[PDB]
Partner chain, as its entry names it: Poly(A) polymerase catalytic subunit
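In structure tokens, one chain follows: the form deposited without its partner chain.
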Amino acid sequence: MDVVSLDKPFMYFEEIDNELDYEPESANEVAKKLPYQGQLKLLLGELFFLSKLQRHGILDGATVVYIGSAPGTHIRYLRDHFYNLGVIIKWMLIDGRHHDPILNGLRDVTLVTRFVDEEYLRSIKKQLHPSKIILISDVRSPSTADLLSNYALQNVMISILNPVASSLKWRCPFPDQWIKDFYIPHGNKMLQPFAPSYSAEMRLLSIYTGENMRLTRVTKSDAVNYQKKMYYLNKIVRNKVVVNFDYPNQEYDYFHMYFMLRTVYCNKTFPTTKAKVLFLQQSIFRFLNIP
């Protein structure tokens, strides 16, 4: 077995302290071990993001505009969570596909069947005004050309919507498939537990202060770094069993999940962090129908 003692997990991309030469054969390896692993991945990353905003006092009263939200089964848990905690939020879920029916009938959540474009963004901006907007993007067209296209639209979501914060899907294009350098918003590169086995994807978390918007260029060299660091994390790190982690599951992803969940706010008072986390995880797994 691949056992180890870890202090904490890598929470952000910059923390990854090693790299590996990408083995193309890994793409043939089993991408997922858990049922509904994708919603879980999204639910933890989004609970983490939103709890932070709560922590900074910018969640209550905002309208969360989620683009690329369908089916969105996990968004129901996210909504109930903050709704039961008492935070006042309006959810506007927009996608061209259809949303899970469990999202229907909630006065606080509006579902829109529309693929968004720049023109549309301007109309929802005029219709949401003057509410504070929190943006979450998970749109998917893929080719490097498809990616750049998606990232370009995400930057327009921000310029037009002008949110107080944003969570954006972020996977750097492959170096061997470079087309051109581009700019993404500045933010924390949040690592995702339960992402597909060899996924190089993360979520960009940003909070907008003042009336400025800071961007950062992404070059092919960066793409090489992304590939090597994410390859090292997936092949080695995520396959570690943290023996000094006293919890029902000791695999790296549960250790990583633990650290994300310990930052979430709950109503019930627990004697320990372990008790709150166990509670949140059980609740999450039961909701998603994960054994």
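Numbering follows the first chain given and starts at 1.
Omitted from view is the form solved in complex with its partner chain, to which the following refers.
For its partner chain in the bound PDB entry, the listed stretch (193-201, 67-75, 169-177, 97-105) containing residues with heavy atoms inside 4.5 Å is 97-105. Proximity to its partner chain in the bound PDB entry holds for all of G86, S131 and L205, with the criterion being a heavy atom within 4.5 Å. Proximity of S143 to its partner chain in the bound PDB entry: non-hydrogen atoms within 4.5 Å are absent; the residue sits far from the partner. Residue contact with its partner chain in the bound PDB entry: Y247 places no heavy atom within 4.5 Å of it. Of the heavy atoms in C266, some are within 4.5 Å of its partner chain in the bound PDB entry. When its partner chain is considered in the bound PDB entry, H186 lines it closely, a heavy atom lying within 4.5 Å.
Among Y258, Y231, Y252, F48, the residue placing a heavy atom within 4.5 Å of its partner chain in the bound PDB entry is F48.
Heavy atoms closer than or equal to 4.5 Å to its partner chain in the bound PDB entry belong, across 1-26, to the residues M11, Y12, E15, ordered by sequence position.
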